[PDB]
Amino acid sequence: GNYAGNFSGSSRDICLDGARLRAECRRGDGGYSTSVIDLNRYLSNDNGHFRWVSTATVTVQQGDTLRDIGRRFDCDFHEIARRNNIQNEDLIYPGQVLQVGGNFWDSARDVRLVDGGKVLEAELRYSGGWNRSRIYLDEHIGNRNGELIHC
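Residue numbering for the sequence shown is 175 to 228, 236 to 281, 291 to 341, as defined by the UniProt record's numbering.
And the structure:
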């Protein structure tokens, strides 16, 4: 059924400032708050495609390759390599900690909101170029009593 987020149903004057989403969010008392949420914590570039993966740290398991990590957490192994200062074809080791998710902003351009601030659109870098991608923010951005949250 319904999206879990649905911020736009109770927000207005939705705008972008870099990767930070700003809005006037309806409160329970009937007034408004000016609120902000950093989309760079919740959205990632998966080889040319927006994905909902929040900034997180993971621990490499026995038998894991970098692609195995990417598959498990729905991230691009090229991104995991770049973000963790290693290389694409590099071996990884059990017990190793790796940063994953978020950080779409690093590899994006022409970033903007469309359809009244409900859709985020950008060109995202992939292995051999740029791909236009879009994502419905109401999927995971909500308004809790005047405050923009991820849910």
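No residue lacks a Cβ here, since even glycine has one placed at the ideal position from N, Cα and C.
(1) Near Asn269, what residues of its chain come up, given a Cβ to Cβ distance below 8 Å and the 5 sequence neighbours on each side ignored?
(2) Tell me which residues share the same chain as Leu213 and place their Cβ nearer than 6 Å to its Cβ, disregarding the 5 neighbours each side in the sequence.
(3) Leaving aside the five residues before and after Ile273 along the sequence, list all residues of the same chain whose C-beta is less than 8 Å from its C-beta, in chain order.
(4) Considering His340, what are the terminal residues of the beta strand (DSSP E) in which it resides?
(5) Going by Cα to Cα distance, which pick from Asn221, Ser185, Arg186 and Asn180 is closest to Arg322?
(6) Count Cβ pairs between the segment 177 to 185 and the segment 325 to 334 that sit closer than 8 Å; are there 3 or more?
(7) DSSP three-state label for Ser207, please.
(8) Tell me, please, which residues DSSP counts as bridged to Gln280.
(9) Name the DSSP beta bridge partners of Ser323, please?
(10) Leaving out five residues on either side along the sequence, give the residues of the same chain with a beta carbon under 7 Å from the beta carbon of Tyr216.
(11) What does DSSP give as the partner residues of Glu198 in its beta bridges?
(12) Identify, in the order they occur along the chain, each residue of the same chain with its Cβ nearer than 6 Å to the Cβ of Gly319, setting aside the five sequence neighbours on each side.
According to the structure shown:
(1) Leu247, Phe258, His259 and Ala262
(2) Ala193 and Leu195
(3) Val241, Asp245, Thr246, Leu247, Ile250, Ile267 and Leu279
(4) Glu337 to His340
(5) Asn221
(6) yes
(7) strand
(8) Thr238
(9) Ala312
(10) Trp226, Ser228, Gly292, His330 and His340
(11) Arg186 and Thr208
(12) none
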